[PDB]
Amino acid sequence: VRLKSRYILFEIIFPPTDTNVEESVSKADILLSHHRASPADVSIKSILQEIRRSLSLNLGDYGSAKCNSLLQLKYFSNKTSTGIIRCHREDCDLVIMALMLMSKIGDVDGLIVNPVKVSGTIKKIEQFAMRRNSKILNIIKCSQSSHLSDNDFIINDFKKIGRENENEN
Amino acid sequence: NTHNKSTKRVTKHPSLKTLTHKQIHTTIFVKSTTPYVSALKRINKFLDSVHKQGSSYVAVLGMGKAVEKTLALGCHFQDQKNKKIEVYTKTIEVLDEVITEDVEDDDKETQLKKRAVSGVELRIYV
Amino acid sequence: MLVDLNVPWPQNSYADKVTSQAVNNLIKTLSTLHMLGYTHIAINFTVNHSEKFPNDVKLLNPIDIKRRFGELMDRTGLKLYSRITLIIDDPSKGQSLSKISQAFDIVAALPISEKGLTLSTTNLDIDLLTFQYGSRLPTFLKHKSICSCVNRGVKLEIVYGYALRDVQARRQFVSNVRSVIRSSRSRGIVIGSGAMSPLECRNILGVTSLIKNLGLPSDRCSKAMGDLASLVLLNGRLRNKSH
Amino acid sequence: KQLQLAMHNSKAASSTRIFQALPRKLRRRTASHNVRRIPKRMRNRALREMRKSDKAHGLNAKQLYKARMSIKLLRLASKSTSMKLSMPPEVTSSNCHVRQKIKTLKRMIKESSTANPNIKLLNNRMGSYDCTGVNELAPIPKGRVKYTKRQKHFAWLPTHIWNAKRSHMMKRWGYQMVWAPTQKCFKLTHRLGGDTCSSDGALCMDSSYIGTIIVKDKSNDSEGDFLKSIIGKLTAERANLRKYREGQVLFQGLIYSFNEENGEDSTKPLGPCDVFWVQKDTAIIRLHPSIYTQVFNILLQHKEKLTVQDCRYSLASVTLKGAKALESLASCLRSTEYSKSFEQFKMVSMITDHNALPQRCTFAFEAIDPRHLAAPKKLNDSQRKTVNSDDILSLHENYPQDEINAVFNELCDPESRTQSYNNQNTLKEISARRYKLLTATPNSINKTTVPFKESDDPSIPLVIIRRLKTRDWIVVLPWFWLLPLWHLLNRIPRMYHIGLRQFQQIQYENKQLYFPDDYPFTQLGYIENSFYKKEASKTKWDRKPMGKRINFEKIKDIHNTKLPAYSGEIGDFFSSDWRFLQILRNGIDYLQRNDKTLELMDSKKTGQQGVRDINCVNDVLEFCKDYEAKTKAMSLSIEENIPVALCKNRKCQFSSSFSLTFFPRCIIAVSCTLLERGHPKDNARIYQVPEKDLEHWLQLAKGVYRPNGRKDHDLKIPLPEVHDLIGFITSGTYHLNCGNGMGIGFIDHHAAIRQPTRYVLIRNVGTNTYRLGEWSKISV
RNA sequence: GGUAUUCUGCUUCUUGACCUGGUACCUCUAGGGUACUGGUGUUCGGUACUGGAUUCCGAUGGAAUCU
RNA sequence: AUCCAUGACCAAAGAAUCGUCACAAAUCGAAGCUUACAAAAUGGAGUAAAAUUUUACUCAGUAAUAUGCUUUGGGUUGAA
């Protein structure tokens with residue numbers, strides 16, 4: 001036979017969690033504030049190291065060895081924190097448990113790691129990511145005139161993440 | 001003159017059309033009994049595979065029951081989706097069969113008549 | 001839809017009023033929960049069932065839901081509700097719940113000792129039951145106590161909030177959740193979230209796995225935040241016909 | 001071999017273009033690389049024939065065959081390369097030139113039996129003639145000797161050697177017809193041959209198996225008026241009326257078998273029929289093969305007054321379906337002269353939605369050999385694109401009657417279509433004629449199609465008719481001309497051929513019946529139902545180990561209360577059993593002779609003049625059980641328990657004649673659509689909706705929602721009795737034109753005319769789940 | 001008169017190996033093709049079509065451009 | 001001439017039904033609900049009021065009901 005696989009698409013949300021801010025309330029501003037980029041101190045190695053730390057403490061040897069057999073980080077972007085990870089089909093829930101029970105990546109603090117979808121093939125998570133980015137761009141360009149979000153935290157990024165690092169067939 | 005006391009059977013015919021294999025793949029005929037989400041999905045999936053036919057718009061198109069329904073869909077694409085649409089009002093002519101007017105069955109003599117209605121074409125850009 | 005119904009309201013008793021920073025924190029955490037996917041939310045409130053309830057029929061629910069949060073029920077579609085978490089310790093001290101029934105939608109109970117726990121399942125007016133998963137539940141609880149209430153219209157609740165604060169509370173949480181699952185034979189379990197901060201919230205498609213790898217069948221993990229949590233809210237709202 | 005020329009060629013393109021892989025319907029796999037292998041039986045005979053060394057001097061009794069086959073063996077084993085016999089046998093090492101040229105070919109065969117009479121060779125260099133029997137049946141057309149040996153029982157269609165390479169065949173009714181192609185075509189059939197508007201192609205079916213009978217009067221008076229009586233008796237009084245005779249529009253209905261010759265007489269439906277009138281004293285009849293002979297001999301009872309030609313071996317036909325159908329056919333047809341009926345054909349081949357055209361759209365003209373074109377070609381139609389609804393009204397007044405009749409009458413005469421072959425060209429001489437076009441006189445044209453001669457080339461009569469009920473195009477042609485045309489018609493880039501299953505699916509989608517499978521009131525539909533499908537199903541059922549198949553008599557909670565007669569399911573497990581329906585419904589009706597309140601069972605009254613009392617309904621069920629496997633599984637009896645709906649009114653009825661199998665119970669044909677989940681397969685059962693729980697089912701129809709917001713499905717499904725069975729479903733699958741499951745079937749007539757609503761309950765065979773549905777009538 | 005078995009007749013038909021030597025003939029341009037008649041002296045043939053759009057010509061035909 | 005037990009060989013076939021799984025899009029995947037109309041376009045049918053005009057209404061019932069409904073996914077007539 002052939003070995004199955006599962007791909008997990010994880011984002012990183014950086015909530016403000018600071019007092020004396022009194023933000024505005026609108027679907028555009030909440031997303032535009034929670035979705036700031038990553039401070040570039042995180043890397044492809046920091047996330048993997050932290051997700052290995054969170055398994056050998058919230059699970060034991062027989063929980064940190066049934067997942068570490070096949071666990072590879074494929075694609076990660078800093079302009080938008082989306083990333084893709086790969087694991088065995090029967091041992092994907094333990095990786096999710098590692099995801100939630102883990103915060104404070106490396107030294108960066110006050111953040112949430114958010115797995116948004118899991119799927120078998122790799123051809124389909126690409127389409128899902130494209131649809132997700134299209135949906136975000138549509139919702140940010142409809143609240144008002146789009147260029148009131150002129151800071152361009154993410155607007156120039158979705159178009160330019162087309163296939164630059166996504167040629168992993 | 002003559003009052004149209006034609007309560008006898010009338011077999012309404014579809015309007016005469018003609019296609020060119022380019023209007024086949026870039027046109028939608030909204031029926032009266034079309035569920036809303038059905039046509040929504042159909043339109044949403046033609047605006048993704050129309051460039052390869054060398055076109056730049058999709059022609060939603062309907063009359064009678066369809067018109068307000070049609071217009072509703074147009075609204076959903078004007079705002080909340082940020083696309084530009086054009087509206088055209090058209091007149092249409094269709095043909096109706098009427099009998100010439102023992103006991104015989106449905107198979108009676110036929111005569112054609114012409115009747116006109118009005119509809120709307122609505123072009124949604126990409 | 002998704003229902004999360006254990007967001008705490010920053011007030012300890014009927015004496016103090018709400019400050020500014022507390023409500024400022026509450027609004028931010030509500031916005032974050034709205035982003036993560038939740039649509040319907042309820043707001044908690046803790047008392048002791050042995051205190052002087054306001055005599056007048058007003059100002060007994062200081063939530064003030066229609067003036068505050070008026071700019072969040074529009075500009076984004078999430079809806080908000082109200083609930084109170086009575087703490088029962090003694091089999092006496094009156095104050096029968098016929099009074100506060102009209103002023104809320106969801107009434108819960110948080111028994112502490114054996115007498116309180118056996119009173120709670122005996123005869124009250126609650127429509128939900130909760131425990132203190134933080135530490136030191138009164139152990140050896142069996143199907144005998146819980147069967148009678150769960151046969152009637154009562155539900156059990158898990159919070160999963162204490163799994164996020166500290167390791168020492170995490171161990172007690174994971175110890176007690178297994179007991180409460182296996183005592184009720186996986187019947188009438190719903191999930192809330194104790195979010196004291198805009199950091200202690202989580203998504204859906206992982207917490208279901210967090211409950212599935214503890215003992216709950218995968219067929220029930222998909223109805224905690226769902227049909228049962230919707231039915232409790234539907235009944236609570238339909239109770240408002242007292243007027 | 002220099003890439004500079006490759007760069008120069010690509011200069012007529014982009015820098016670095018990308019090409020797609022082939023579509024999956026145009027791919028082939030590589031065969032073997034070594035030459036083919038001969039059978040051993042053809043090797044031994046040739047080897048022993050060459051190794052052999054060499055009283056009117058003929059003396060050739062039965063040895064003529066030996067010589068005439070040894071010649072073929074010598075030629076084959078002297079010509080073919082795949083023949084690897086041994087080392088010695090060669091063309092010259094053994095006497096092959098001397099043999100069979102100066103020893104056998106002329107000294108032996110020629111000098112024994114003189115050539116028999118009828119040395120009329122032909123008017124062709126390809127065997128092509130007519131096979132018609134005036135007032136008698138006709139045999140198989142002569143052809144290749146090898147392939148005419150296998151047609152002793154089942155004949156061949158003109159295209160059989162072509163279809164056999166690309167389809168799954170079967171053998172029925174004396175023909176070897178085509179069932180289905182070798183690819184999945186469920187959705188493509190719908191969206192290219194259905195009533196959709198997304199059609200960019202067409203479907204062509206070789207329907208030569210449908211016979212053709214050309215009946216005509218012989219009183220020499222054009223008024224006829226006796227063929228009118230025959231046609232009006234043969235069917236109901238339909239196909240002899242002003243609409244069908246004078247307007248000569250096509251007819252489709254039901255054909256009977258009258259037998260009025262001595263006192264008591266009756267009629268029994270047989271099946272569909274196509275009757276076309278011409279000049280008021282000629283008729284053409286098209287029939288399914290199964291009912292071909294039975295009606296035919298009937299006409300032979302009056303051949304003193306009419307004349308009949310079994311021309312089913314001389315006329316061929318093709319059926320076309322789809323939107324771009326006439327556009328593709330018109331790309332392979334040209335004329336000889338100028339005729340208005342080709343102008344109309346040119347104009348109407350640009351509609352793309354054939355439902356707008358009127359009732360009658362007959363075309364008829366004379367085409368040329370379609371092998372001239374060498375490639376299908378459009379009709380330069382793009383110039384004119386302003387067709388409106390005003391020129392269509394001209395088609396009902398500008399009808400070329402005489403020009404249709406004159407070209408039509410060259411099909412109802414054997415010698416005329418014999419002259420039609422007067423000089424049929426071989427492929428090589430057409431090739432040479434085309435080659436002679438590289439040195440033409442205009443010298444500024446570069447034409448490809450060969451010219452046409454005024455008198456030294458044949459003219460092919462051709463008719464095209466439109467069938468409204470089936471919504472398709474018939475094209476009728478002489479037999480031996482079919483193969484040259486059919487070769488071009490399949491070179492269109494988007495033309496697909498279909499078998500017989502696709503025809504059934506197409507006629508299912510349009511809410512219409514199907515003669516073989518879905519006529520349980522005809523003498524052959526009943527056989528196909530209760531004798532042919534049942535064996536094919538049971539043979540594969542009882543031939544499985546027990547426990548690896550659905551147990552039929554062990555099913556729980558089928559009905560609200562259980563009768564001990566049937567342990568599990570009701571009726572036969574493999575077919576729509578109509579005998580049980582008749583017996584059960586008649587017994588239920590008799591149980592309410594004067595006691596309105598029925599009663600199911602009385603607890604152990606007794607066991608049984610051969611008394612069979614009619615007290616309880618369990619008694620009716622055990623009567624039905626007794627009547628089967630002990631009265632018709634060991635003996636034979638024939639009856640038609642299923643009539644069809646009649647315009648008259650004979651609803652009601654009532655110790656002398658009270659048998660439960662003596663009167664036919666009228667039914668009707670309906671189509672049922674499901675409002676909720678369901679997927680009705682074949683032979684499923686149809687129950688009426690009980691008066692109790694009507695409110696619950698109505699509420700389910702309106703909609704019951706969970707607190708979540710979705711639909712509520714998991715409730716308590718109530719159940720009806722066993723005397724609520726009123727119908728069966730004969731064809732059902734997922735209906736793509738509406739997106740929900742749908743079925744077609746029959747229901748008892750008296751059941752529907754007493755329903756207070758319009759809902760029914762559907763459940764498959766071997767299951768206890770009841771789905772809801774709503775039914776609508778079919779006017780057949 | 002029948003069926004299973006056994007021996008003897010009859011009917012089913014498109015002038016067809018390859019190479020090559022002769023005579024007669026042909027509407028073919030000194031050479032080609034066809035009839036009658038002699039000589040033992042492992043894959044190779046012909047004919048044929050791309051999908052779509054726009055344009056031009058006193059036409060059931062012909063011509064040009066782009067993709 | 002009969003039966004039972006063990007062993008060898010040959011041959012057939014490789015279970016059916018019901019329920020749940022968050023997003024103006026979803027799911028571990030796929031598909032369906034596009035021959036534009038109620039004969040209200042021979043320039044629709046009627047009711048009330050005021051000096052043809054002006055101002056108020058009735059008539060469309062399988063009516064229509066909004067990211068909604070329905071079907072299906074390893075050997076389909078065993079070996080993919």
# chains A, B, ... in the order shown; residues from 1 in each chain; ligands from 1
>>> interface_residues(of="chain D", to="chain E", cutoff="6 Å", atoms="only C-alpha atoms (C1' of nucleotides)", output="list in words")
residues 75, 92, 334 and 375 of chain D
>>> interface_residues(of="chain C", to="chain A", cutoff="12 Å", atoms="only C-alpha atoms", output="PDB file with C-alpha atoms, in the first residue's frame")
ATOM      1  CA  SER C  20     -13.455  51.435  32.872  1.00  0.00           C
ATOM      2  CA  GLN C  21     -10.498  49.116  32.245  1.00  0.00           C
ATOM      3  CA  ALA C  22     -12.567  46.002  32.971  1.00  0.00           C
ATOM      4  CA  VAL C  23     -15.176  46.811  30.320  1.00  0.00           C
ATOM      5  CA  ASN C  24     -12.393  47.911  27.969  1.00  0.00           C
ATOM      6  CA  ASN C  25     -10.818  44.455  28.333  1.00  0.00           C
ATOM      7  CA  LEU C  26     -14.197  42.758  27.912  1.00  0.00           C
ATOM      8  CA  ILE C  27     -14.884  44.518  24.613  1.00  0.00           C
ATOM      9  CA  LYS C  28     -11.502  43.499  23.194  1.00  0.00           C
ATOM     10  CA  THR C  29     -11.954  39.863  24.182  1.00  0.00           C
ATOM     11  CA  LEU C  30     -15.466  39.857  22.696  1.00  0.00           C
ATOM     12  CA  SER C  31     -14.048  41.175  19.427  1.00  0.00           C
ATOM     13  CA  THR C  32     -11.382  38.465  19.366  1.00  0.00           C
ATOM     14  CA  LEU C  33     -13.948  35.735  20.018  1.00  0.00           C
ATOM     15  CA  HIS C  34     -16.039  37.162  17.180  1.00  0.00           C
ATOM     16  CA  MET C  35     -13.032  36.937  14.874  1.00  0.00           C
ATOM     17  CA  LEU C  36     -12.253  33.326  15.741  1.00  0.00           C
ATOM     18  CA  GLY C  37     -15.690  32.246  14.533  1.00  0.00           C
ATOM     19  CA  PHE C  69     -22.290  46.722  23.382  1.00  0.00           C
ATOM     20  CA  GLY C  70     -24.879  48.561  21.293  1.00  0.00           C
ATOM     21  CA  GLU C  71     -22.161  49.299  18.726  1.00  0.00           C
ATOM     22  CA  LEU C  72     -21.139  45.625  18.560  1.00  0.00           C
ATOM     23  CA  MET C  73     -24.546  44.052  17.937  1.00  0.00           C
ATOM     24  CA  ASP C  74     -24.354  46.015  14.689  1.00  0.00           C
ATOM     25  CA  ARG C  75     -21.247  46.680  12.566  1.00  0.00           C
ATOM     26  CA  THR C  76     -20.823  42.939  13.253  1.00  0.00           C
ATOM     27  CA  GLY C  77     -23.532  40.370  13.706  1.00  0.00           C
ATOM     28  CA  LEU C  78     -22.683  38.600  16.966  1.00  0.00           C
ATOM     29  CA  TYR C 160     -11.204  24.182  29.209  1.00  0.00           C
ATOM     30  CA  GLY C 161     -10.099  27.606  30.428  1.00  0.00           C
ATOM     31  CA  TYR C 162      -8.060  26.186  33.306  1.00  0.00           C
ATOM     32  CA  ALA C 163      -5.991  24.153  30.838  1.00  0.00           C
ATOM     33  CA  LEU C 164      -4.460  27.402  29.548  1.00  0.00           C
ATOM     34  CA  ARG C 165      -3.463  29.303  32.696  1.00  0.00           C
ATOM     35  CA  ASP C 166      -0.952  27.186  34.626  1.00  0.00           C
ATOM     36  CA  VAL C 167       0.389  23.639  34.616  1.00  0.00           C
ATOM     37  CA  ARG C 170      -3.959  21.974  34.043  1.00  0.00           C
ATOM     38  CA  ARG C 171      -3.225  18.665  35.773  1.00  0.00           C
ATOM     39  CA  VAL C 174      -7.378  16.896  33.024  1.00  0.00           C
ATOM     40  CA  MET C 196     -10.428  36.186  31.432  1.00  0.00           C
ATOM     41  CA  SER C 197      -8.268  37.804  28.731  1.00  0.00           C
ATOM     42  CA  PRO C 198      -8.221  38.268  24.945  1.00  0.00           C
ATOM     43  CA  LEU C 199      -5.445  35.666  24.953  1.00  0.00           C
ATOM     44  CA  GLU C 200      -7.187  32.690  26.579  1.00  0.00           C
ATOM     45  CA  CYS C 201      -9.558  31.973  23.677  1.00  0.00           C
ATOM     46  CA  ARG C 202      -9.255  29.272  21.030  1.00  0.00           C
ATOM     47  CA  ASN C 203     -10.672  28.033  17.733  1.00  0.00           C
ATOM     48  CA  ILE C 204     -13.091  25.121  17.256  1.00  0.00           C
ATOM     49  CA  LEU C 205     -11.456  22.459  15.155  1.00  0.00           C
ATOM     50  CA  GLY C 206      -8.850  21.720  17.786  1.00  0.00           C
ATOM     51  CA  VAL C 207     -10.734  21.854  21.080  1.00  0.00           C
ATOM     52  CA  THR C 208     -13.057  19.169  19.703  1.00  0.00           C
ATOM     53  CA  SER C 209      -9.946  17.024  19.367  1.00  0.00           C
ATOM     54  CA  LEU C 210      -8.954  18.058  22.901  1.00  0.00           C
ATOM     55  CA  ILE C 211     -12.183  16.538  24.176  1.00  0.00           C
ATOM     56  CA  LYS C 212     -12.075  13.544  21.812  1.00  0.00           C
ATOM     57  CA  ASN C 213      -8.643  12.402  23.012  1.00  0.00           C
ATOM     58  CA  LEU C 214      -9.860  12.439  26.629  1.00  0.00           C
TER      59      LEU C 214
END
>>> residues_around(residues="residue 36 of chain F", least_positions_apart="5", cutoff="6 Å", atoms="only C-alpha atoms (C1' of nucleotides)", output="list in words")
residues 29, 30, 31, 61, 62 and 63 of chain B
>>> write_last_selection(atoms="N, CA, C and O atoms", output="mmCIF file, in the first residue's frame")
data_model
loop_
_atom_site.group_PDB
_atom_site.id
_atom_site.type_symbol
_atom_site.label_atom_id
_atom_site.label_comp_id
_atom_site.auth_asym_id
_atom_site.auth_seq_id
_atom_site.Cartn_x
_atom_site.Cartn_y
_atom_site.Cartn_z
ATOM 1 N N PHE B 29 -29.359 31.645 -18.816
ATOM 2 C CA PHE B 29 -30.789 31.905 -18.961
ATOM 3 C C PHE B 29 -31.451 31.596 -17.626
ATOM 4 O O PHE B 29 -31.683 30.433 -17.291
ATOM 5 N N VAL B 30 -31.756 32.639 -16.863
ATOM 6 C CA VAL B 30 -32.332 32.471 -15.534
ATOM 7 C C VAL B 30 -33.784 32.048 -15.685
ATOM 8 O O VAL B 30 -34.604 32.793 -16.229
ATOM 9 N N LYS B 31 -34.102 30.849 -15.213
ATOM 10 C CA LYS B 31 -35.464 30.353 -15.273
ATOM 11 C C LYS B 31 -36.286 30.924 -14.124
ATOM 12 O O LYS B 31 -35.760 31.506 -13.174
ATOM 13 N N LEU B 61 -29.481 37.019 -18.002
ATOM 14 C CA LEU B 61 -30.483 37.299 -19.019
ATOM 15 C C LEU B 61 -31.822 36.657 -18.687
ATOM 16 O O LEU B 61 -31.894 35.436 -18.537
ATOM 17 N N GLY B 62 -32.887 37.445 -18.557
ATOM 18 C CA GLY B 62 -34.146 36.873 -18.100
ATOM 19 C C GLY B 62 -35.323 37.792 -18.349
ATOM 20 O O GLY B 62 -35.170 39.003 -18.524
ATOM 21 N N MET B 63 -36.512 37.189 -18.334
ATOM 22 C CA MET B 63 -37.769 37.873 -18.605
ATOM 23 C C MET B 63 -38.880 37.260 -17.759
ATOM 24 O O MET B 63 -38.751 36.148 -17.242
#
>>> closest_residue(among="A:45, A:66, A:159, A:124", to="chain F", atoms="only C-alpha atoms (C1' of nucleotides)")
A:124
>>> residues_around(residues="residue 67 of chain F", least_positions_apart="2", cutoff="9 Å", atoms="only C-alpha atoms (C1' of nucleotides)", output="PDB file with N, CA, C and O atoms (P, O5', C5', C4', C3', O3' and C1' of nucleotides), in the first residue's frame")
ATOM      1  N   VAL B  37     -29.545  30.373  -4.789  1.00  0.00           N
ATOM      2  CA  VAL B  37     -28.147  30.001  -4.616  1.00  0.00           C
ATOM      3  C   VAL B  37     -27.641  29.237  -5.834  1.00  0.00           C
ATOM      4  O   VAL B  37     -26.441  29.261  -6.136  1.00  0.00           O
ATOM      5  N   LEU B  40     -26.601  31.880  -8.201  1.00  0.00           N
ATOM      6  CA  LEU B  40     -25.464  32.552  -7.583  1.00  0.00           C
ATOM      7  C   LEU B  40     -24.180  31.765  -7.811  1.00  0.00           C
ATOM      8  O   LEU B  40     -23.163  32.324  -8.240  1.00  0.00           O
ATOM      9  N   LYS B  41     -24.217  30.456  -7.562  1.00  0.00           N
ATOM     10  CA  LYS B  41     -23.037  29.624  -7.770  1.00  0.00           C
ATOM     11  C   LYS B  41     -22.656  29.555  -9.243  1.00  0.00           C
ATOM     12  O   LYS B  41     -21.467  29.615  -9.588  1.00  0.00           O
TER      13      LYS B  41
ATOM     14  P     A F  24     -21.554  33.333   6.815  1.00  0.00           P
ATOM     15  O5'   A F  24     -21.525  33.368   5.225  1.00  0.00           O
ATOM     16  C5'   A F  24     -20.777  34.366   4.544  1.00  0.00           C
ATOM     17  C4'   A F  24     -20.899  34.245   3.048  1.00  0.00           C
ATOM     18  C3'   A F  24     -20.397  35.458   2.272  1.00  0.00           C
ATOM     19  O3'   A F  24     -19.869  35.027   1.019  1.00  0.00           O
ATOM     20  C1'   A F  24     -22.680  35.131   1.810  1.00  0.00           C
ATOM     21  P     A F  25     -18.309  34.678   0.872  1.00  0.00           P
ATOM     22  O5'   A F  25     -18.291  33.360  -0.023  1.00  0.00           O
ATOM     23  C5'   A F  25     -17.394  32.295   0.258  1.00  0.00           C
ATOM     24  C4'   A F  25     -18.058  31.227   1.088  1.00  0.00           C
ATOM     25  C3'   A F  25     -17.201  30.036   1.474  1.00  0.00           C
ATOM     26  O3'   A F  25     -16.330  30.303   2.556  1.00  0.00           O
ATOM     27  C1'   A F  25     -19.306  29.281   0.728  1.00  0.00           C
ATOM     28  P     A F  26     -15.228  29.217   2.984  1.00  0.00           P
ATOM     29  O5'   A F  26     -16.049  28.162   3.845  1.00  0.00           O
ATOM     30  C5'   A F  26     -15.585  26.832   4.009  1.00  0.00           C
ATOM     31  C4'   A F  26     -16.731  25.855   4.047  1.00  0.00           C
ATOM     32  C3'   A F  26     -16.348  24.386   4.050  1.00  0.00           C
ATOM     33  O3'   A F  26     -16.027  23.908   5.343  1.00  0.00           O
ATOM     34  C1'   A F  26     -17.989  24.757   2.402  1.00  0.00           C
TER      35        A F  26
END
>>> interface_residues(of="chain D", to="chain F", cutoff="7 Å", atoms="only C-alpha atoms (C1' of nucleotides)", output="list in words")
residues 195, 196, 197, 353, 543, 544, 545, 547, 548, 549, 550, 677, 714, 734, 736, 738, 739, 740 and 767 of chain D
>>> write_last_selection(atoms="C-alpha atoms", output="mmCIF file, in the first residue's frame")
data_model
loop_
_atom_site.group_PDB
_atom_site.id
_atom_site.type_symbol
_atom_site.label_atom_id
_atom_site.label_comp_id
_atom_site.auth_asym_id
_atom_site.auth_seq_id
_atom_site.Cartn_x
_atom_site.Cartn_y
_atom_site.Cartn_z
ATOM 1 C CA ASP D 195 -33.208 19.198 -23.141
ATOM 2 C CA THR D 196 -30.469 21.464 -21.760
ATOM 3 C CA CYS D 197 -29.152 24.614 -23.445
ATOM 4 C CA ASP D 353 -33.071 25.287 -30.219
ATOM 5 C CA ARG D 543 -25.718 -18.368 -6.462
ATOM 6 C CA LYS D 544 -24.128 -16.363 -3.586
ATOM 7 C CA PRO D 545 -23.296 -17.935 -0.201
ATOM 8 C CA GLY D 547 -25.243 -14.310 4.526
ATOM 9 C CA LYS D 548 -23.379 -12.488 1.745
ATOM 10 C CA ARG D 549 -26.679 -11.269 0.289
ATOM 11 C CA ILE D 550 -29.813 -9.469 1.399
ATOM 12 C CA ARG D 677 -33.862 12.336 0.946
ATOM 13 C CA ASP D 714 -34.256 11.901 12.785
ATOM 14 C CA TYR D 734 -31.035 10.487 -9.792
ATOM 15 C CA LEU D 736 -30.095 15.557 -13.227
ATOM 16 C CA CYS D 738 -33.963 18.829 -11.234
ATOM 17 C CA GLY D 739 -31.255 17.744 -8.780
ATOM 18 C CA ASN D 740 -33.418 15.362 -6.726
ATOM 19 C CA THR D 767 -35.770 -2.072 3.036
#
>>> closest_residue(among="F:55, F:27, F:62, F:6", to="chain B", atoms="only C-alpha atoms (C1' of nucleotides)")
F:62
>>> select_by_dssp(residues="segment 14-150 of chain A", states="strand (DSSP E or B)", output="ChimeraX atom specification")
/A:72-76,83-87,112-119
>>> closest_atom_pairs(of="chain D", to="chain C", cutoff="9 Å", atoms="only C-alpha atoms", output="tab-separated table")
residue	atom	partner	partner_atom	distance
D:706	CA	C:227	CA	7.6
D:707	CA	C:231	CA	5.7
D:708	CA	C:227	CA	5.3
D:709	CA	C:1	CA	8.6
>>> write_last_selection(atoms="N, CA, C and O atoms", output="JSON list (two decimals), in the first residue's frame")
[["chain", "number", "residue", "atom", "x", "y", "z"],
["D", 706, "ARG", "N", -34.32, 22.06, 13.27],
["D", 706, "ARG", "CA", -33.65, 21.89, 14.54],
["D", 706, "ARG", "C", -33.39, 23.26, 15.17],
["D", 706, "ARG", "O", -33.48, 24.29, 14.50],
["D", 707, "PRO", "N", -33.07, 23.29, 16.47],
["D", 707, "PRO", "CA", -32.62, 24.56, 17.06],
["D", 707, "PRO", "C", -31.40, 25.13, 16.38],
["D", 707, "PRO", "O", -31.21, 26.36, 16.38],
["D", 708, "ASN", "N", -30.55, 24.29, 15.80],
["D", 708, "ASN", "CA", -29.38, 24.78, 15.08],
["D", 708, "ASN", "C", -29.78, 25.64, 13.89],
["D", 708, "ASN", "O", -29.18, 26.69, 13.64],
["D", 709, "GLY", "N", -30.79, 25.21, 13.14],
["D", 709, "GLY", "CA", -31.23, 25.97, 11.98],
["D", 709, "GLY", "C", -31.35, 25.13, 10.72],
["D", 709, "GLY", "O", -31.89, 25.59, 9.71]]
>>> closest_atom_pairs(of="chain A", to="chain F", cutoff="9 Å", atoms="only C-alpha atoms (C1' of nucleotides)", output="Markdown table")
| residue | atom | partner | partner_atom | distance |
| --- | --- | --- | --- | --- |
| A:118 | CA | F:28 | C1' | 8.5 |
| A:119 | CA | F:28 | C1' | 6.1 |
| A:120 | CA | F:28 | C1' | 6.0 |
| A:121 | CA | F:28 | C1' | 8.7 |
>>> write_last_selection(atoms="N, CA, C and O atoms", output="compact mmCIF listing (two decimals), in the first residue's frame")
# COMPACT_ATOMS: atom_id res chain seq x y z
N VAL A 118 -7.36 21.31 7.70
CA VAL A 118 -6.55 20.12 7.51
C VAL A 118 -7.10 19.36 6.31
O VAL A 118 -8.32 19.22 6.16
N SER A 119 -6.21 18.90 5.43
CA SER A 119 -6.64 18.20 4.22
C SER A 119 -5.58 17.21 3.78
O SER A 119 -4.41 17.32 4.15
N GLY A 120 -6.00 16.24 2.98
CA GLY A 120 -5.15 15.15 2.57
C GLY A 120 -4.16 15.49 1.48
O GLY A 120 -2.95 15.41 1.69
N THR A 121 -4.65 15.87 0.31
CA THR A 121 -3.76 16.22 -0.78
C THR A 121 -3.15 17.60 -0.55
O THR A 121 -3.57 18.35 0.34
